[PDB]
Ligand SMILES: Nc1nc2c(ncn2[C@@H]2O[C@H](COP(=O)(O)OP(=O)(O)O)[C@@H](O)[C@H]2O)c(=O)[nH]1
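The chain below stands alone and is given in structure tokens; this is the form solved without guanosine-5'-diphosphate.
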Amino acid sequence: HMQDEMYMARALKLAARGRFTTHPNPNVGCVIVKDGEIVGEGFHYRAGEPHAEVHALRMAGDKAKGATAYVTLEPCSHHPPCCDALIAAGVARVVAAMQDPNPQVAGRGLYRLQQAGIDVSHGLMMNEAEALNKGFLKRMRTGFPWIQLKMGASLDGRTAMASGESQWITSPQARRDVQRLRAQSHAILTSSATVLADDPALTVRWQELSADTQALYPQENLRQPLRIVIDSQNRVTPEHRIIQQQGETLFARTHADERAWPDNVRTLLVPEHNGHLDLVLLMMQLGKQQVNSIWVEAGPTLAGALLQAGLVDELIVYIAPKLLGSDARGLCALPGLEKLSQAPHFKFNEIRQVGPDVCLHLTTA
């Protein structure tokens, strides 16, 4: 009972090793124990690469017979199926943190293992495994990606001065944490308002990671998250930097653009609500394209639109210990809000220190 926890906690630690590259697949860790000794260890790293169980079963070999397998997720039961691979090695019992997120296939893998005479149990540290792939978990259950809205402002909630200077409000430590969160995200999303105003690259710069992250993230394996730009009126030109970078760029247009763009640029057509791109339908279409999580680098207009649509799953707010004044740019634009009742309400979940700044994690309450 206590032995299961210790071995399992290794699997979740292993599963987190590939959180930068597993998309659109989840993070899964597998540990195989024979006679109280770890003979098999493996984690999923890349889509189309071997799964964690196959990685760990290869390490075990013959020593996998009658052994105990600890997996952070219920093994695949559809093709080769990881469940059958476990049986082909002679494993006697399997411990899974949680069932499959998909209701269509939830419990199938455990059942097939049990039918062939294997002790099966699920539930151990389920919440910790659920937190590992929050985007993937949400997509399978709802069809919507997990949305993280990033906000960086001074003490008085200001994102830029009246002159427009927004450089170095947050500490260099804060930007760098942003890069770590960018690298774990399946996609990075912005609006044409931000693209036209700042001309950003909005990419993950490997040289800007921490030494801890750099050790578990080889540079030649750098996966640039797909960049999504909301452009209802096709205002972004093919000369902006965001499409001149390495990696993919998805443009959410309401009508097709007639210009010639770089090959890394693609176009997604979203129906229009009122006179603006329908954010709700865009998230649904992105879910159909197997997008797990979205990191949103948005200005005040896009932030308010997502919040008023009820699409934001998590607020990540960086606050610097500086005061900018009342004519400095605000945080989010909420057109229509005139009474205190209509103000958006959230809940403080995690408060952590990032250098001289603080980072507040919030969920939509």
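Numbers for residues come from their place in the sequence shown, where the first is 1.
In what follows, reference is made to the form deposited with guanosine-5'-diphosphate bound, a form of this protein that is not presented.
- prompt: Among 240-248, 186-194, 171-179, 90-98, which stretch has residues with heavy atoms no more than 4.5 Å from guanosine-5'-diphosphate in the entry with it bound?
  reply: Result of the contact check: 186-194.
- prompt: Does residue 264 reach guanosine-5'-diphosphate in the entry with it bound if we count a contact as any heavy atom within 4.5 Å?
  reply: Outside the cut-off, so no.
- prompt: Even though guanosine-5'-diphosphate is not shown here, does residue 270 get within 4.5 Å of it in the entry with it bound, heavy atoms only?
  reply: No.
message: How about residue 198 - does it come within 4.5 Å of guanosine-5'-diphosphate in the entry with it bound, if we only consider non-hydrogen atoms?
response: Residue 198: no, not in contact with guanosine-5'-diphosphate in the entry with it bound.
4.5 Å heavy atom contact, residue 221 to guanosine-5'-diphosphate in the entry with it bound: No - in the entry with it bound, heavy atoms of residue 221 and guanosine-5'-diphosphate never come within 4.5 Å of each other.
task: Let me know the one among 132, 279, 153, 147 whose heavy atoms come within 4.5 Å of guanosine-5'-diphosphate in the entry with it bound, would you?
output: Spelling it out, the residue with a heavy atom inside the cut-off is 279.
query: Just one of 114, 213, 232, 289 has a heavy atom within 4.5 angstroms of guanosine-5'-diphosphate in the entry with it bound, so which one?
result: For this set of options, the contacting one is 232.
- request: Scan 300-337 and note down the residues that get a heavy atom within 4.5 Å of guanosine-5'-diphosphate in the entry with it bound; none is a fine answer too.
  value: The stretch touches the partner through 301, 302, 305, 335.
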